[PDB]
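Take a look at this single chain in structure tokens; it is the form deposited in one PDB entry.
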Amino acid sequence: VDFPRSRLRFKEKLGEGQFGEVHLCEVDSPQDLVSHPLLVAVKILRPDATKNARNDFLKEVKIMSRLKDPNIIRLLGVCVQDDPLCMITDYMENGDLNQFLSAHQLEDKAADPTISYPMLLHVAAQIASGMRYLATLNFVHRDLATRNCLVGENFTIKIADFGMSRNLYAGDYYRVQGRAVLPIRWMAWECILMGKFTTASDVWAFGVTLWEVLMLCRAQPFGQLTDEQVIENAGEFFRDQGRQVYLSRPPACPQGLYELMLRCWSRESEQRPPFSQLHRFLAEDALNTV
């Protein structure tokens, strides 16, 4: 689908991704789009966009064009050849999952918006389903975290990617001059030591994302340890002498679900559960832990 920027009406800035800024737009005659007025999210180049940023933007279009799953952000169209570049996606009206969940507390069984434990499972299950789909494409996300998930109506979740440069989440990334930026607290030990990312390291990051969800996004993973201590913990996984440490069991997390999380952090990549198995546990098995 090709869409004219003239037929868009820009309403407010939603945030920024790695290679452009995102705006909420209205559409009056939304016939062409793949899917009162229709609301969509539109990514455009920054006003100081370089030749390199445009190149990275065009490649993002290509990557996005194949993502077709209910729990992955979906490209509805792009702007026409003569227009300035743009990408159009669905508008997730509740925004960032980290910020959204941070605004809730776990419902008190006995006696300010709240969220139930079964709804936490439903949020986690949708992320697992989206990751299951990505694994079928042999697509490695490399930065799964609640800050990269979006929330629509009725707690529908879409996995997206905002990149690593937003100020709000700067503390979630480890920066060294001349090196790739690294979300080390979400990274499997072999990613930290060897810089290589696989579906099995996405499973590790899903474990941390699940931990985030059960913490209601109120705490950074390994939050009381320094970046240097988190990196040294990867060495303790490598050496395999029983000195490595794990994220602790969240109060909202029953032991059966926590043992699933621990399996995501297995030293051996092949022993980590596939997303097909994680999805089934969260959608079914975990229901007898309510």
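Note that the rigid core is defined as the largest set of C-alphas that superpose within 1.5 Å between two forms. In this text, residue numbers run from 1 along the sequence as written.
What comes next is about the form deposited in another entry, which is not displayed.
In this overlay on the rigid core, residue 19 has a C-alpha that sits 2 Å or more away from its partner position between the shown form and the other one. Put the two forms on the same core and the Cα of residue 280 is off by less than 2 Å between the shown form and the other one.
With the core held fixed, the Cα of residue 267 is displaced between the shown form and the other one by less than 2 Å.
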